[PDB]
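First up is the structure itself, then whatever we jot down about it.
All values below were derived from every heavy atom in this structure, side-chain atoms included, with hydrogens, water molecules and symmetry-related copies excluded. Both ligands and their constituent atoms are indexed starting at 1 by order of listing. Protein chains get the first letters and strands the later ones, always in sequence-line order, with residue 1 at the start of each.
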Amino acid sequence: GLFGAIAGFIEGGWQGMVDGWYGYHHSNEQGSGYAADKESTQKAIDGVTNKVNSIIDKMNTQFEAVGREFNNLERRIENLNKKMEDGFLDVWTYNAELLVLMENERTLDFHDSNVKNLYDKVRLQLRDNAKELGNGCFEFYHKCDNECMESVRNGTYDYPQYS
Amino acid sequence: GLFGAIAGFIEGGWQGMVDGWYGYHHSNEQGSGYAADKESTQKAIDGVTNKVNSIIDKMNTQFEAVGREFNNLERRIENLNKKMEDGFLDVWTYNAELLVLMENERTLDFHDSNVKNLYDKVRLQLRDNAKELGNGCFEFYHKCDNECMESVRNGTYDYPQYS
Amino acid sequence: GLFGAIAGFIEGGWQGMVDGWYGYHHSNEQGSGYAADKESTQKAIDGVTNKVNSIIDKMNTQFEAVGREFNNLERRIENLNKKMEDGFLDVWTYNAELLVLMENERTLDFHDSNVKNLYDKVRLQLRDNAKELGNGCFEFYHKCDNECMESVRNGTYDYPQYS
Amino acid sequence: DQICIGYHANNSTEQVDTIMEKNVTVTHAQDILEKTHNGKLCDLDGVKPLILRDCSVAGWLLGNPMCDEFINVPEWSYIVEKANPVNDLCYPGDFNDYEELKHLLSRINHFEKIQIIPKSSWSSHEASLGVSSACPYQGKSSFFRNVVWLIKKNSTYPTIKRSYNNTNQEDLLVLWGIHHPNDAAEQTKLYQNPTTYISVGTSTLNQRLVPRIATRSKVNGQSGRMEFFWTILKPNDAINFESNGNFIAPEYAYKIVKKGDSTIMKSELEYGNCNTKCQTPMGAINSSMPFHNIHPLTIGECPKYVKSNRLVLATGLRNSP
Amino acid sequence: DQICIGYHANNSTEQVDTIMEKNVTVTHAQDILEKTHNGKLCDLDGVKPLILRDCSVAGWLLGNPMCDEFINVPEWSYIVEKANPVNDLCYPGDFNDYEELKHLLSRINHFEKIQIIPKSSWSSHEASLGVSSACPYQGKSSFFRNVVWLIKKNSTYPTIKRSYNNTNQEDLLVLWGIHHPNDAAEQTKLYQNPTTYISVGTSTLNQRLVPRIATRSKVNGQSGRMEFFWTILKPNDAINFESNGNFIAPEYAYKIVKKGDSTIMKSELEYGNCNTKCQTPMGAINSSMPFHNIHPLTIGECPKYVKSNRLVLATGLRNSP
Amino acid sequence: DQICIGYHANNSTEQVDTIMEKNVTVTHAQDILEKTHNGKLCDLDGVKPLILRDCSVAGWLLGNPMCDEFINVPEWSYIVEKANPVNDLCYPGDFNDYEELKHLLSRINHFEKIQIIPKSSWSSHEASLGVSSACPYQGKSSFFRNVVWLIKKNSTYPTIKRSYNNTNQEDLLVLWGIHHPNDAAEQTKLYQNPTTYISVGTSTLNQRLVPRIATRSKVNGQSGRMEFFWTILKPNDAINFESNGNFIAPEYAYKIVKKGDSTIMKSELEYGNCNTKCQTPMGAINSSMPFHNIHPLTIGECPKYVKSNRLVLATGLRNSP
Ligand SMILES: CC(=O)N[C@@H]1[C@@H](O[C@@H]2O[C@@H](C)[C@@H](O)[C@@H](O)[C@@H]2O)[C@H](O[C@H]2O[C@H](CO)[C@H](O)[C@H](O[C@]3(C(=O)O)C[C@H](O)[C@@H](NC(C)=O)[C@H]([C@H](O)[C@H](O)CO)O3)[C@H]2O)[C@@H](CO)O[C@H]1O
Ligand SMILES: CC(=O)N[C@@H]1[C@@H](O[C@@H]2O[C@@H](C)[C@@H](O)[C@@H](O)[C@@H]2O)[C@H](O[C@H]2O[C@H](CO)[C@H](O)[C@H](O[C@]3(C(=O)O)C[C@H](O)[C@@H](NC(C)=O)[C@H]([C@H](O)[C@H](O)CO)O3)[C@H]2O)[C@@H](CO)O[C@H]1O
Ligand SMILES: CC(=O)N[C@@H]1[C@@H](O[C@@H]2O[C@@H](C)[C@@H](O)[C@@H](O)[C@@H]2O)[C@H](O[C@H]2O[C@H](CO)[C@H](O)[C@H](O[C@]3(C(=O)O)C[C@H](O)[C@@H](NC(C)=O)[C@H]([C@H](O)[C@H](O)CO)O3)[C@H]2O)[C@@H](CO)O[C@H]1O
Ligand SMILES: *[C@@H]1O[C@H](CO)[C@@H](O)[C@H](O)[C@H]1NC(C)=O
Ligand SMILES: *[C@@H]1O[C@H](CO)[C@@H](O)[C@H](O)[C@H]1NC(C)=O
Ligand SMILES: *[C@@H]1O[C@H](CO)[C@@H](O)[C@H](O)[C@H]1NC(C)=O
Ligand SMILES: *[C@@H]1O[C@H](CO)[C@@H](O)[C@H](O)[C@H]1NC(C)=O
Ligand SMILES: *[C@@H]1O[C@H](CO)[C@@H](O)[C@H](O)[C@H]1NC(C)=O
Ligand SMILES: *[C@@H]1O[C@H](CO)[C@@H](O)[C@H](O)[C@H]1NC(C)=O
Ligand SMILES: *[C@H]1O[C@H](CO)[C@@H](O)[C@H](O)[C@H]1NC(C)=O
Ligand SMILES: *[C@H]1O[C@H](CO)[C@@H](O)[C@H](O)[C@H]1NC(C)=O
Ligand SMILES: *[C@H]1O[C@H](CO)[C@@H](O)[C@H](O)[C@H]1NC(C)=O
């Protein structure tokens, strides 16, 4: 993906994280576990919801075929009518299929971006107080208990304390 | 945003920077102030200008309705005519509104990207000669006067001197 | 570009690298040379190939003009016919030119993204065992022979050995 | 001790397409294309369609004896007609501006039939012998029930002068016809007068029809032809007929009580005895999807038609193997 | 000491929509949709429109006495006609291929009127008594000024044979008519000859009209009908008339001096005495926008019409709270 | 020692456009627009087009003497006709529903000509003197070869009653005509009977034509007119003619042996003696491109037409200076 996180430096997703799209996995002396990041997840849910509705609404008003009858010596206008109706179907079919293709690609990259931004958010808090492993994980120099882990999730990790 | 800078790790914009879209704010013993980055700003101005003109030009050639009259026993072709004219208006209305939606989104992300690239440009110069605070700011280990600040803005920051 | 690598922190491309789109240049006591990164290159080749075929296929089914003849007192329907045929040509011309414009822009950014991701991939392996120069290059603290260079290209660079 | 950043995976096998890659497995997706229908012709919004079965619109409106089902029809949501209905013009001929009339029906939800000329009223002409073997009813020769085939009485066809004033506050669909005989001998046999005409007048109409004689192939066992004409008679306006021969007089004229959204749907299907809010010639639709791919010509509150086989939007992210 | 990287904010409240988010406040934006008009019908490029007011195109071209304003009209940028003009065909009837003629006017910027048949020239027929109460002028019975209603002189209608050669180096719009009388008694009263015709010939035209008699409803106090026909007579070509009754002869025929871009605009509006470069039936447009949403049918150098209420492009970046 | 990450550059000067930037130099690109053609009218799929040269479709089908090249034509892939072919209707007149017939030809790949009425068979009428100076052949007066201009024998024109039964298992294109004389004296001179008609009947057709007399301008040295009519006679059905004057009888009727995809192409070009798989009125196309910009109206397996001058897709990346 464009942002290099999903199937990138983070090789795979977590079957074990069911309460969100993006989040954290901690491991220390007390144990290990998954915690979904509510903020980034809800933002993603809002963005994708709006997108689907935006997509629907734009297509909502679009060409509708009508039945028109022509006799045996009105073949030219019968043909004109057919090409007109077929022509608009092709235009609107193309629009639908292209929009889906383009926006699907943007949706996957949006998720990739959200993971990256969440990763950097943590990286920027920890600074040189942890080893950047290269796989999405940060290994602490100090022992990090469940409260210490919660501060990283908080956005409240006190760098000056553990420096 | 996709690039994580605008309303991201840089929480907010600067009312105090009026001469550009992106730039720097320094603070030292001598004082503080805003300096717009001319290069990244002008590049953004060019990109958005071209985009607006590109958008206009693509729509410039587009369907134009014409008044056609039909009598009381020509209702089928009158209806065909109406659907044809209405159909193209819907196609061209959809194109306009979609293009605006999609390109607006790209424009905001373009700005986000420019800020990010400018941030990294500085980060890559300073290297380990300053603390990356996590908020868009770099705090120097050495005292950095207005000439020292100018070298960072220059692209000329001499890492080997302050290392 | 959006990802800041191509014509960004990596000022220019390499005439000397002919066997791939992205890769590495090493220099040490034994010599210097270009090695194309096969994986990232092949991924780029696949993505662009599919894109071109996707683009072609979507346009494959599209309006086709037909010759229709009208006499001297059928000018209204002759005009309707002309506007219908011209109208669809403008719709399909616009689609083609816009799709090319939008996807060309995405293609350049895709390449920029691939270079960035490859750069970070290396950065994340080396960690603090090399100086990040700011130009796409990493300068090693340890002497790095051709096997050492190969491990970085491998994805196998043993950080713990050279730490 | 370590903290990791990561993303959701699951057991989903749903795939989506993008420009650069096809069949990308994602954790969540949303199909937006309705692909199914029930396969039946249904009531729309509870309101039953007018199903002509094997009768055509002409057969119904002229009152062909096989279309006795469709005398005084109730209001319809839409009309259903086959591609090649057998019960069309029993007696061979043409229907003038038939397609323009059919188009008029797309704006019409209900007709009420009324008598404008009584059949008994033809005291100076013979009105009960105007039948043919081409339009049979119960094994006996009959004719289009809504119009009267008039012939001479005691070997004399006196000139007809008839006028009807539209006192209803409605537009009125009036139908009439002219008969084209095989030869000069048949012209005299039926109407006696060698040269005949039919003049029809309204505020707008200024018509004068003359029988065209020609030797024609037998259609439904008859080489004679009937050419049918129509008009919409506005309220407070009168229609005037004058003819010395070959006149098919209107007994009944349809009254347009309701003008609404309707359509003449072409389908071989019969009746499912179901209800729907969106109908196609293939069957009815019941879905919340924004799109469908069943059939372009629909009636009612419907999703938009596209020619796609598949429209799936990614909602979730790329799912891991 | 520190250096920060940051971005512009300001007091802007302009918002733009995107796919994922609506009403995003931005520092700079650009509206591209023209939403306003002056509300007036204006001169286009200084050139005044032909405003028919309550007259129709037929009324003007046939020379209806109420349309005396529009004899020898100056050249027009475009034409303005109401939806239901009262001064149409004063004497009831039809205009043959009226819509095709109206379409021809979209390619025409100026007519010059000329006399082809002088009214005095009818020495063998009566030409000054061909009037009706349906077309009144100054309280007295009149008729379409451009054509002559001819009647018998001293109880005799001799056959008319008239030819005109188009010596102008222009196409020529020729108009004429046929009269349809109420009954056989009126036919004889006016023209005497019971059976009559009108034959019209050119290099292309091969016409022969006969009066159709019928009892008709009174329109404008008359049950008689006038059916009007036209042709374009090319240069160096002649038109030939022959008739023994019911002929409405051409006094004047219009000359097509200028062929340009024009349009027949449908509007109830009158005249603003303004000037513009882009005109609509709602009013005129003065903007540099690429788009507008006023009305589809425009004339002149105009932005493109769309059905949108709002088109705003983000130029600046997301503005902070 | 150092390792660097970098990207490909080369000597390419190919440029592509994007939304924000034009003329961006890239390492690799792919043109998708076919811009060239050979400039010739070619055989399609080996199958030669019917090139009418200076003859029109009417001239060919009626059998104009200048169109002797096109008697018993071989099957065609498509038809080529000029914008203003000189060899059209040699004797002046009209062709009825000509455009509808031309439209029918778009579904037709081969005609086979057959005789339905032999010219010798007219034993009671004169058939060999029906010629004119307007249709000359080898310096002598001739006529449309496919139809017979019948005239009176020994100063008598007896009524014609002719019937043909379509025993071929094919639809049959039958052509015939009516003659419009200059005056009453010419009507009698040619056919004697003052009032004449032509009645034509099939299972569907119910026609009766009468000559319209008018004084007309000389076209091709003749002021008389010929109006031509047609029908498709279905298998096992018969056509019936009856006339006492002015009848242009069918000698030959075309047989529709093959119905396929065809088109009437408008072009001034002649014949390149080449072969192609995609043909335009400008010339033929040979490319693997998805698009072209030569001409909208094409026949065969063609890329899609667009109005663009340039369509280039970036495949490679931004190339360095
Ligand atoms: C062999 C023979 O000469 N039989 C006559 C029969 O005429 C022929 O037989 C018919 C059965 C066919 O084989 C024809 O080839 C041929 O005409 C006589 O009448 C019949 O034919 C006439 C046409 O000439 C009519 O077709 C008639 O049918 C009706 C009908 O439509 O059913 C009878 C009906 O009562 C008539 N109704 C009215 C209001 O006039 C109509 C109508 O006159 C015509 O349709 C108008 O075009 O015709 C056949 O019965 C019969 C009786 O005259 O005698 C046989 O010996
Ligand atoms: C009750 C009665 O018999 N009154 C006659 C009147 O005829 C009737 O009264 C008129 C007022 C209406 O109520 C009609 O129902 C009825 O006709 C006599 O003539 C009038 O009616 C005739 C029609 O039959 C004409 O309508 C005539 O009007 C003109 C006209 O168009 O204004 C007079 C004009 O001078 C004529 N012009 C020419 C060139 O002939 C035309 C023209 O003949 C027709 O329009 C052709 O269709 O008719 C009414 O005046 C009048 C006098 O004749 O006497 C009453 O006693
Ligand atoms: C000065 C004069 O009176 N000359 C007559 C000539 O008639 C005139 O001269 C011709 C040459 C033109 O200048 C005309 O102004 C005028 O007609 C006589 O006949 C000619 O004119 C008639 C029409 O009146 C025909 O045009 C005729 O040509 C043909 C033709 O089409 O070639 C001759 C052909 O044999 C006829 N074929 C048949 C089957 O009838 C047809 C046909 O009758 C008409 O086309 C039907 O409308 O006409 C010219 O030759 C001639 C001999 O009659 O004598 C001059 O002295
Ligand atoms: C994607 O899946 C469909 C059906 O499951 C298959 O037919 C098609 O070949 C696949 N496409 C590609 C590019 O692998
Ligand atoms: C009948 O129609 C006439 C027009 O011919 C109209 O004026 C009149 O009011 C109508 N009503 C009655 C009751 O006759
Ligand atoms: C955006 O603003 C408009 C106009 O102020 C308002 O009516 C609309 O509800 C807003 N839309 C959303 C999605 O909040
Ligand atoms: C009149 O028209 C004839 C055709 O009938 C043409 O040949 C001639 O040149 C014209 N000019 C004059 C002055 O009659
Ligand atoms: C791009 O190149 C074309 C052709 O070489 C040139 O005509 C055009 O002006 C250029 N456009 C820009 C914006 O530089
Ligand atoms: C001729 O046409 C008639 C219909 O008029 C048809 O029934 C018959 O089979 C045809 N064939 C022959 C050989 O008469
Ligand atoms: C987050 O967690 C810490 C404990 O790790 C707690 O003391 C603090 O109050 C919390 N802060 C927020 C903002 O949730
Ligand atoms: C940048 O600023 C320094 C002073 O800090 C000055 O010496 C140098 O010349 C400047 N360089 C550029 C490229 O402006
Ligand atoms: C890569 O290179 C090293 C030598 O530097 C070699 O020993 C190792 O096996 C290689 N690993 C892979 C995965 O190619």
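Looking at F/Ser203 and F/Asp237, their side chains do bring a donor and an acceptor atom within 3.5 Å of each other. E/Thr315 and E/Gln30 form no side-chain donor-acceptor contact under 3.5 Å, judged by distance and modelled atom types alone. Defined by atom type and a distance below 3.5 Å, a donor-acceptor pair is missing between the side-chain atoms of B/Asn114 and B/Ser40.
In D/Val131, the part holding a heavy atom less than 4.0 Å from any atom of ligand 1 is the backbone. At a heavy-atom cutoff of 4.0 Å, ligand 1 is contacted by the side chain of D/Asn182 but not by its backbone.
Summarising the local packing, CD of B/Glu39 is surrounded by 12 or fewer heavy atoms from other residues, nucleotides or ligands at distances under 6.0 Å. The 12-atom threshold is not exceeded at NZ of B/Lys43, counting heavy atoms of other residues, nucleotides or ligands nearer than 6.0 Å. Annotation: C/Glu11, atom CD; neighbour count of heavy atoms from other residues, nucleotides and ligands within 6.0 Å does not exceed 12. The number of heavy atoms from other shown groups lying within 6.0 Å of NZ (D/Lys140) does not exceed 12. Within a 6.0 Å radius of CG in F/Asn23, other residues, nucleotides and ligands contribute more than 12 heavy atoms.
Note: an N/O pair closer than 3.5 Å links D/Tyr91 and ligand 1 by distance alone.
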- [ ] Before giving the answer on ring pair (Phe, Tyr, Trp, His ring centres under 6.0 Å), spell out for D/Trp149 and D/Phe143 the whole-Å C-alpha distance, their side-chain angles and the decisive distance to 0.1 Å.
- [x] CA-CA 8 Å; D/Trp149 191 353; D/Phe143 202 61; 5.3 Å; yes
Task: Intermediate values then yes/no, side-chain contact (heavy atoms from CB on, under 4.5 Å), D/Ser133 and D/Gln222 - done: CA-CA 8 Å; D/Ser133 62; D/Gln222 298 301 323; 3.2 Å; yes
- [ ] Mind running side-chain contact (heavy atoms from CB on, under 4.5 Å) on E/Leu313 and B/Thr107 for me, showing each step along the way?
- [x] CA-CA 9 Å; E/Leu313 280 167; B/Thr107 294; over 6 Å; no
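A donor-acceptor pair is defined here as one N or O able to donate and one able to accept, closer than 3.5 Å; no such pair exists between the side chain of D/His125 and the backbone of D/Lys153. The closest donor-acceptor contact from the side chain of F/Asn319 to the backbone of F/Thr25 lies at 3.5 Å or more, if one exists at all.
Around atom 43 (O) of ligand 1, the closest heavy atom drawn from D/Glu126, D/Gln222, D/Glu186 belongs to D/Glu186.
Closer than 4.0 Å to atom 3 (O) of ligand 1 lies none of the heavy atoms of the protein. There is a protein heavy atom closer than 4.0 angstrom to atom 15 (O) of ligand 1.
Near ligand 11, residues B/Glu147, B/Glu150, B/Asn154 come within 4.0 angstrom through at least one heavy atom.
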What does the contact table look like for ligand 8 (nitrogen or oxygen on each side, cut-off under 3.5 Å)?
residue, atom, partner, partner atom, Å
ligand 8, 2 (O), F/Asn23, OD1, 3.2
ligand 8, 2 (O), F/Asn23, ND2, 2.3
ligand 8, 11 (N), F/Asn23, ND2, 3.0
ligand 8, 14 (O), F/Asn23, ND2, 3.4

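For atom 39 (C) of ligand 1, the nearest non-hydrogen atom of the protein is D/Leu129 O, 3.4 Å. Of all protein heavy atoms, the one lying nearest to atom 42 (C) of ligand 1 is D/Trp149 CH2, 3.9 Å.
Heavy atoms of D/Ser141 come nearer than 4.0 angstrom to ligand 1 in no pair at all. Heavy-atom distances between D/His180 and ligand 1 stay at or above 4.0 Å for every pair. Heavy-atom distances between D/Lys218 and ligand 1 reach below 4.0 Å in at least one pair.
Close contacts between ligand 1 and D/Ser133 involve ligand atoms 30 (C), 31 (O), 32 (O) [criterion: under 4.0 Å to a heavy atom]. For ligand 1, the atoms sitting less than 4.0 Å from at least one non-hydrogen atom of D/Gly130 are 39 (C), numbered in the order shown with element in parentheses. The D/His179 neighbourhood of ligand 1 comprises atoms 46 (C), 47 (O), with distances under 4.0 Å to a heavy atom of that residue.
When ring centroids are compared, F/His292 and F/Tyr305 come within the 6.0 Å threshold.
In this pair, B/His25 and B/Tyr34 present their aromatic rings tilted. The plane angle is within the 30 to 60° band.
Relative to the ring axis of D/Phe247, D/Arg162 does not place its NZ or CZ within 45° and under 6.0 Å from the centre.
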